[PDB]
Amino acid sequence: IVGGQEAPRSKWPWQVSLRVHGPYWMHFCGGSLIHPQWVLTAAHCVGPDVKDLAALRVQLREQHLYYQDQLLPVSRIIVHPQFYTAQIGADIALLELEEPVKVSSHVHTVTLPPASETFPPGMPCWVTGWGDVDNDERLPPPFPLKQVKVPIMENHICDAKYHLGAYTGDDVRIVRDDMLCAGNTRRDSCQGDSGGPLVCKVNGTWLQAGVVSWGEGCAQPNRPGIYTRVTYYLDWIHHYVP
C-alpha cells in the first residue's frame, strides 16, 4: 500500500493473506472473505498456471503478518476461464476453504455490491493490504496491515490517462469494461496488495467494488491503480458461492 497508514484493528475484518510454502509460509497476495467458506482474490495470484493446493494456505485478518499465524487449508481453487494475463482481463479467482470459518467480530465477510452499483468518482473507497509501500520498497517488519483512501475515476478517463505518454493508439482500449480505476501519485496499491479488496462505503454499507489487479508501477503519473470490477463477475461468483 502506497501512502496511507496502519489500519486500526477493528477495521477490514474481511481481509486475508495468502501464503506459499517455503522456508516459511510467505505472504504473496491478499484476498477477501466473502463467505464463511470462500475467499475472493485475483487470478494472477494463482494462475494461469495450475499449482499444488498443498503448497497454499490462507491466513485470516491479522494485524501484523506472521505474528500469530493460524493457517487454513484450501480445498478448491477456481480461476476465471477467461483469465490469461491481467491486461487482457478476467483477473478474478475463488478459493474454497477446507472448512467454514468461525465468523467472529474481528473476522467476517464483506458484502458484494448490487449489479447496479457503478462506483462513480466521489465515492469514499479504501484499499488495504500488506504489499510494498512504494516501487521496489517492501513493507517493513513487523508488517502491519495498511489502508489508503483512493479516489475513483471513470473508466474512459483512466483508459485515456494510460494513453498519455504511450505509443498505443488512442482508439485501442487499455482499461477494459471489467476493470475499475482508483488512486493517484500519492495513494495506490502495489505489489503484494494484489488480490486484496477495494471497498466503498455505500448507503452505510461497505461494498467490495474491486480486486487489486495491476497497473504500470505504483503511484506513477497518469497510471492509476487498476482493479477487477466485482459487479462484472457477480454471475460467475454466484455459480460457486451461495
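In this text, residue numbers run from 1 along the sequence as written.
**Student:** Mean CA temperature factor from the deposited coordinates, higher in 5-13 or in 219-227?
**Tutor:** The stretch with the larger mean CA B-factor is 5-13.
**Student:** On mean Cα temperature factor in this entry, is 155-163 or 68-76 the higher one?
**Tutor:** If you average the C-alpha B-factors of 155-163 and of 68-76, the larger mean comes out for 68-76.
**Student:** For the listed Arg187, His27, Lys201, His44, which has the peak Cα B-factor recorded in the PDB entry?
**Tutor:** Largest recorded C-alpha B-factor: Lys201.
**Student:** Out of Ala115, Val150, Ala90, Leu145, which shows the largest CA B-factor listed in the entry?
**Tutor:** Largest recorded C-alpha B-factor: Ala115.
**Student:** Sort the modelled residues of this chain by their C-alpha B factor and say whether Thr109 lands in the lowest, middle or highest third.
**Tutor:** It belongs to the highest third of the chain when residues are ordered by C-alpha B-factor.
**Student:** Taking the chain's C-alpha temperature factors as the reference, tell me which third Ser194 falls into: lowest, middle or highest.
**Tutor:** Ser194: CA B-factor falls in the lowest third of its chain.
**Student:** Taking the values exactly as deposited, rank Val101 by C-alpha B-factor within its chain and report the matching third: lowest, middle or highest.
**Tutor:** Its C-alpha B-factor belongs to the highest third of this chain's values.
**Student:** Just say lowest, middle or highest third for the CA B-factor of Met123 relative to the other modelled residues in its chain.
**Tutor:** Highest third.
**Student:** Based on the deposited C-alpha B factors for this chain, I'd like to know if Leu234 is in the lowest, middle or highest third.
**Tutor:** It falls in the middle third of the chain.
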